[PDB]
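Enquirer: before the rest arrives, take these chain(s) from the complex:
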Amino acid sequence: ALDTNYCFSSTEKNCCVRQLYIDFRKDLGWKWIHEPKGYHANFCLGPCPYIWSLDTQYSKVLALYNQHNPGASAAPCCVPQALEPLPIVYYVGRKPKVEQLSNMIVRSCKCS
């Protein structure tokens, strides 16, 4: 499976959602959000082979187009299929507010 459960290993480099904790201010510097300090944004990296969870037929073709030529960066593009919200807390002028951003997290990538 290509989720953040099996992608949290040390091997495999194909379409696998890798950890990507993002500290709102450290990484995005977001100033409109106070808490939490960050979150498990996660993300997907690595190209896609010809046997992975290829969804489109162009994912198996271009997959070889790259696996054949070394140095070619036209491989496919693994992406976050399912996502997750994000319970934060920002400030509007002077009143504190807590919300839940939508799709502000990853729970499973794929190969589009």
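Expert: Good, I have the coordinates. Numbering: from 1, shown residues only, chains lettered A, B, ... in the order given.
Enquirer: what segments of chain A are strands?
Expert: Secondary structure of chain A (DSSP state E): strands located at A:16-18, A:43-45, A:78-87, A:90-92, A:95-97, A:100-111.
Enquirer: give me the buried positions along the second one.
Expert: Pointing back at strand A:43-45 there. Within strand A:43-45, the residues that qualify as buried are A:43-44, counting by 16 or more other C-beta atoms under 10 Å. Every C-beta, even on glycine, is put in place using the N, C-alpha and C of the backbone.
Enquirer: check which helices and strands it is in contact with.
Expert: For strand A:43-45, the contact count by 3 or more C-beta pairs under 8 Å, 6 or more residues apart in numbering; DSSP states H and E identifies strand A:16-18, strand A:78-87, strand A:100-111 as packing neighbours.
Enquirer: now mean neighbour count and distance to residue A:29 too, for those strands, in JSON lines please.
Expert: Formatted as JSON lines, the helices and strands packed on strand A:43-45 follow (neighbours: other C-beta atoms under 10 Å; distance: least, C-beta to C-beta, whole Å):
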{"stretch": "strand A:16-18", "mean neighbour count": "22", "distance to residue A:29": "22"}
{"stretch": "strand A:78-87", "mean neighbour count": "17", "distance to residue A:29": "17"}
{"stretch": "strand A:100-111", "mean neighbour count": "18", "distance to residue A:29": "16"}
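Enquirer: to residue A:47, which of those strands lies closest?
Expert: Taking C-beta to C-beta, strand A:78-87 is the member of those nearest to residue A:47, at 7.3 Å.
Enquirer: include chain B as well:
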Amino acid sequence: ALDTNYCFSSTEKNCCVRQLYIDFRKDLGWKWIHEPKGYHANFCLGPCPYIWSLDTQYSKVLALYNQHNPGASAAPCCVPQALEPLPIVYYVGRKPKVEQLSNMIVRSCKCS
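Expert: This next block brings in chain B, placed alongside the chains you saw above:
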């Protein structure tokens, strides 16, 4: 728009479907297909900004996560949303056959 019509320019480096003609044998070396020699496989490259056609909410966040740190390859992943078939011609033993591969081409990418 992020299609193969506006992406066929010389500027812009974000989620834009770039040309990717693939010569079945030259690039994929495919031996199960005789014709055509190749096709306009096309593909998508470049990361995704925070104003492009972001579809998921995680595309605007990780978008800055990379745009903020130089050298970070955890950016988003532009992908071929719509695709196109492909009229080919291969051989089964000794009989010639013509088909139309499905999604064997790109007609518009996006940012998953």
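Enquirer: please reconsider what packs on strand A:43-45 now that chain B is part of the model.
Expert: strand A:16-18, strand A:78-87, strand A:100-111, helix B:58-68 (3 or more C-beta pairs under 8 Å, 6 or more residues apart in numbering or on different chains; DSSP states H and E).
Enquirer: neighbouring contacts of the first one?
Expert: Counting by C-beta atoms under 8 Å, 6 or more residues apart in numbering or on different chains, the neighbours of strand A:16-18 from elsewhere in the structure are A:2-4, A:6-7, A:42-46, A:78, A:80, A:106, A:108-109, B:74.
Enquirer: spatially nearest residue to residue A:98 (excluding sequence neighbours)?
Expert: Using C-beta to C-beta, 6 or more residues apart in numbering or on different chains and skipping the chain neighbours, the partner closest in space to residue A:98 is residue A:89 (4.5 Å).
Enquirer: do residue A:38 as well
Expert: Nearest residue to residue A:38, sequence neighbours excluded (C-beta to C-beta, 6+ apart): residue A:23, at 3.7 Å.
Enquirer: if we can go back for a sec, what's the most distant pair in the contacts of strand A:16-18?
Expert: The distance between the two most remote of the contacts of strand A:16-18 (C-beta to C-beta) is 18.5 Å, for A:6 and B:74.
Enquirer: bridging residues for the residue nearest to residue A:98?
Expert: In this entry, residue A:89 is beta-bridged to residue A:35, by DSSP bridges.
Enquirer: near chain B, which residues of chain A show up?
Expert: A:18, A:20, A:22, A:27-30, A:41, A:43-45, A:56-58, A:61-62, A:64-65, A:68-69, A:73-74, A:76-81, A:83, A:101-106, A:110, A:112 (C-beta under 8 Å from any C-beta of the partner chain).
Enquirer: what residues are up against residue A:85?
Expert: The contact partners of residue A:85, by C-beta under 8 Å, 6+ apart, come to A:100-105.
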